[PDB]
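**Q** heads up, no residue letters with this:
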Ligand SMILES: OC[C@@H]1O[C@H](O)[C@H](O)[C@H]1O
Ligand SMILES: OC[C@@H]1O[C@H](O)[C@H](O)[C@H]1O
Ligand SMILES: [Ca+2]
Ligand SMILES: [Ca+2]
């Protein structure tokens, strides 16, 4: 039997996995998006269902001034004696913290702040003797030596027990990071990422008889990389190991699907899966001797997408994210039952701090995304529409606005410093359907006059100008509904009747 | 003593070096630019003076349909018994050929076509017994196995002697290429590039007692790479080895100076230098154990930029290139003595085939480039100016044109599919000075009214949107003078009085 990589498509980086009985739970990084840290469930490691998010309250997730270069970085999920622990970094605060839960269907605790523990990629390991270890990277604010650091931790107080020690510098790649400590057959293994989360990404491993080392580098490191290859999956690493309940071993990790030349990616880093075998001399090998594929053999794993939101519910679906903490008064599912009402502010898609926007990830190269908007702008600055958004300097949008006292539908783009109105047509109806067809190379922007059903191709836009390589940061493209008054509060409300996401 | 890398700054890739006595000659790839294959001279390996180009006649250099993804790929320069040989690929023709010279101050021969020898990166080696070997890559048109191929060659007839054989597949990196065969102390060494000429680039080496092998991989391959590092020099490889006349060994090779995150480069691949030491077990080591730097120790090498063209000469300087073969009638240094006259055609900077343009490489991050233009356009399509140009979809320009019967100075940009007029101002004089200040992040576009000396900042543009990563191809940014009629022949002539390039 076979599965396909990625196993979780779209913007789902830095996967960390946790087994409880015969069920599996998995978390990814979310940066400036709210709610933060999606969490998934699976019984077979291949098929994942999103259960929700871990960070859903402003007290858990302070995103003021966060951008797609900051906010929430890699999270690690662990379980001990009925309690789940989620440990991560808010890079905008430069703070590491834990939240806890005894029930993933409920909400998580308030943060337990780890005072004095810097760096990124914090991880926890519950040792068989009852000791608990925190492992992480060098602290850039203290200007520490590059490498992996560790201490015993008291999980109640959020405080270190004894001393913080350097345990490994890695093999010599850049940015030794993503550390996870495991104990298997009488050896401690330290699994890390090196080379940076771009084309030099690799996974390396070390071992010792003791939790703090000294650690010996695996003689065939790196144990997983696509560096110096032209494989369709690139930038592979940030692995976390799990033992399936049939006894076999697996890793989850992220990778990209770049297109064009030089390679460029716009769906973010996506969660992948590969098997592990243990050598006779006691080292793990991932995949086909350090390389993986799009199509994989499933071993003994038991093998087994149209999304339509009409906004009838008064709870938002788990697809939707906001840019930083939502200003809650500017969204309503109750003010006009069966529509989403949005109040645009002075802030635009060019601004980082709390623009009126709700969005969901592009999870497929080929897809058609649409919405129906009612909007009658009162002034020329006023605008509402549908956006393809990477970050504040990289986004395309089709929208209704007003220019010299006439209503127009527009295609607008922000690419770096370029802000351009690509096309403009006069429009005469109170509602409009926007419709975007995505393929690997371009987005086609159309609008429909709803009562006639007539469709009009307004323009197109390249995917590669929204790619992470061009745009910066650590994220993937979102499809978003938004409103703005372009420097003033938008006096007209925007109402969205529904949103459809139809992958090929 | 110390030198700085790169030793040849700006767009100078795939360097191949050749010693004759106590002097050194070096060539680089040029793609769609004409004249093709620049050639440099040095006495110390650090300081290079451009002597001219190797391919200066249409019969040598057929560039119709060539773009910055095609045209002339890596060249190799060799010397035997008073005769220099230059061997390279015209990828647009898919043909490999040699040109010869007995005097580098003169012109080279007509091409000797190597019938049936495909692939890229052809190289020559003159063995101590008098045999001559051609070495190259797999032929994509025949769909051959990835690797390095070799035959004995008859240099008169341009024909293979005996059989073409696969001699090495490399260590397992992508795109094994840039092969050079050497014989040193009784061993043949095969030096190659792997991993692709981007962030996975590396140099690897193999050896044998026989010219066709079997070849044994160096046990510490790769012998030069910056893959999986954050060093300011990236994408290092395509090396060629030389023995200096004091007995010490050196390699030239290319690398990039990327900026931003993810890393992006706009000065092209630039020629670098590093020392070689030979191990006791008979393997070469480049640099500081496989890594190099911006600042290097010069060993015993004997250690030691404002460019102003007023167009008074009737020969073009060696700074200037055209996009493909120039249409010679559309440029004149004699029609108006002391100016360059240019006749714009229907073709624009958006078109690949022979737009009216003359340009020179950006060789410094920080520089000020200027020109003085006389231009009085007769119709609204007519345009002449100064361009910052990467390729047909990636260029910025400040120009004089006409709109609804008025003369305007404009800042225009083409970025992917986006074509935008960023700013426009009415202009009232027959001449204008355009002036561009470059720094690592942006270009600032100004104009000067010459008789008043008043200066006006028209706009700015990001460097990263012209980067190779964004734009495609294998080249660096040029500063260019151009004219066009935007779909029609330009009825007005354009005259440029001078051009200044002032690095910081
Ligand atoms: O994804 C953000 C950061 O990049 C690296 O993957 C690191 O492990 C993580 O925290
Ligand atoms: O620069 C063009 C091609 O890329 C690689 O550097 C190869 O060696 C060369 O022919
Ligand atoms: Ca509805
Ligand atoms: Ca002059």
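**A** Nice, thanks for sending it over. Numbering: from 1, shown residues only, chains lettered A, B, ... in the order given. Ligands and ions are numbered 1, 2, ... in the order given.
**Q** Could you use CA atoms for every contact and neighbour count after this?
**A** Noted.
**Q** quick one: secondary structure of residue A:448?
**A** Secondary structure, DSSP: H, G, I helix; E, B strand; the rest coil: residue A:448 is strand.
**Q** Surely it touches residue A:458?
**A** No. Counting by CA atoms under 8 Å, residue A:448 does not reach residue A:458; the two are 10.4 Å apart.
**Q** can you list the domains in chain A?
**A** A:1-305, A:306-504 (curated CATH domains).
**Q** Mean neighbour count added to those, as CSV?
**A** Compiled in CSV, the domains of chain A are given as follows (neighbours: other CA atoms under 10 Å in any protein chain shown):
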stretch, mean neighbour count
domain A:1-305, 20
domain A:306-504, 20
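**Q** helix/strand/coil for residue A:465?
**A** helix.
**Q** can you give me the strands for the stretch 151-300 of chain A?
**A** A:159-168, A:177-184, A:187-194, A:202-208, A:216-217, A:224-225, A:234-243, A:249-256, A:270-278, A:284-286, A:295-297 (DSSP state E, counting those that start in this stretch).
**Q** Check the gap between the residue in the stretch 201-350 of chain A that chain B sits nearest to and residue A:33 for me.
**A** In the stretch 201-350 of chain A, the residue found nearest to chain B is residue A:228; the distance is 3.7 Å by CA to the nearest CA. Distance, residue A:228 to residue A:33, using CA to CA, to the nearest Å: 32 Å.
**Q** what do you get for residue A:163?
**A** From residue A:163 over to residue A:33 the distance is 34 Å, taken as CA to CA.
**Q** pretty sure the residue of the stretch 201-350 of chain A closest to chain B is touching residue B:196, no?
**A** Yes. Contact criterion CA under 8 Å: residue A:228 and residue B:196 qualify, at 6.5 Å.
**Q** Common neighbours of those two, please.
**A** B:174, B:202 (CA atoms under 8 Å, 6 or more residues apart in numbering or on different chains).
**Q** Find the helix or strand that the closest residue to residue A:339 other than its chain neighbours is a member of.
**A** The spatial neighbour of residue A:339 that comes closest, neighbours along the chain excluded (CA to CA, 6 or more residues apart in numbering or on different chains), is residue A:497 at 4.6 Å. Counting by DSSP states H and E, the element that carries residue A:497 is strand A:494-503.
**Q** close to ligand 3, is that strand?
**A** Yes. Residues of strand A:494-503 contacting ligand 3 under CA under 5 Å from the ion: A:497-498.
**Q** who's in contact with that strand?
**A** A:305-311, A:338-344, A:364, A:366-376, A:384, A:483.
**Q** Give me the contacts around stretch A:70-79.
**A** Against stretch A:70-79 from outside (CA under 8 Å, 6+ apart): A:13-20, A:26-33, A:36-37, A:63, A:84-93, A:120-125, A:178, A:473.
**Q** got the domains of chain A as a markdown table, with distance to residue B:262 columns?
**A** Rendered in a markdown table, the data for these read as follows (distance: least, CA to CA, whole Å):
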| stretch | distance to residue B:262 |
| --- | --- |
| domain A:1-305 | 8 |
| domain A:306-504 | 5 |
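**Q** what residues does chain A put near ligand 3?
**A** Going by CA under 5 Å from the ion, the residues of chain A near ligand 3 are A:310-311, A:338-339, A:497-498.
**Q** Select, from those residues, the two members most distant in space.
**A** A:338 and A:498 (8.6 Å; CA to CA).
**Q** anything in contact with each of the two?
**A** Common neighbours of residue A:338 and residue A:498 (CA under 8 Å, 6+ apart) are A:310-311.
**Q** Name the residue of the stretch 351-500 of chain A that lies nearest to ligand 1.
**A** Using CA to the nearest ligand atom, residue A:474 is the residue of the stretch 351-500 of chain A that sits closest to ligand 1, at 5.9 Å.
**Q** Next one: the nearest residue to residue A:244 once chain neighbours are set aside from residue A:300, what distance?
**A** Using CA to CA, 6+ apart and skipping the chain neighbours, the partner closest in space to residue A:244 is residue A:250 (7.2 Å). Remark: distance between residue A:250 and residue A:300 (CA to CA) = 12 Å.
**Q** Could you do residue A:206 as well?
**A** Residue A:206 is 28 Å from residue A:300, by CA to CA.
**Q** Same check on residue A:93?
**A** Taken as CA to CA, the span from residue A:93 to residue A:300 is 44 Å.
**Q** Check residue A:337 too.
**A** 49 Å.
**Q** With residue A:273 instead?
**A** 14 Å.
**Q** same deal with residue A:481?
**A** 43 Å.
**Q** what sits against the residue of the stretch 401-504 of chain A found nearest chain B?
**A** Residue of the stretch 401-504 of chain A nearest chain B, by CA to the nearest CA: residue A:469 (5.3 Å). Listed by CA under 8 Å, 6+ apart, the contact partners of residue A:469 are A:264-265, B:261-264, B:469-470.
**Q** Distance to ligand 1 added to these, as TSV?
**A** Formatted as TSV, these follow (distance: CA to the nearest ligand atom, whole Å):
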residue	distance to ligand 1
A:264	17
A:265	14
B:261	12
B:262	12
B:263	15
B:264	18
B:469	20
B:470	22
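**Q** Which ones among those residues map onto helices?
**A** B:469-470 (DSSP state H).
**Q** Contacts only, for residue A:233.
**A** Contacts of residue A:233 by CA under 8 Å, 6+ apart are A:226, A:255-258, A:293-294.
**Q** repeat for residue A:86
**A** A:54, A:75-78, A:98-100.
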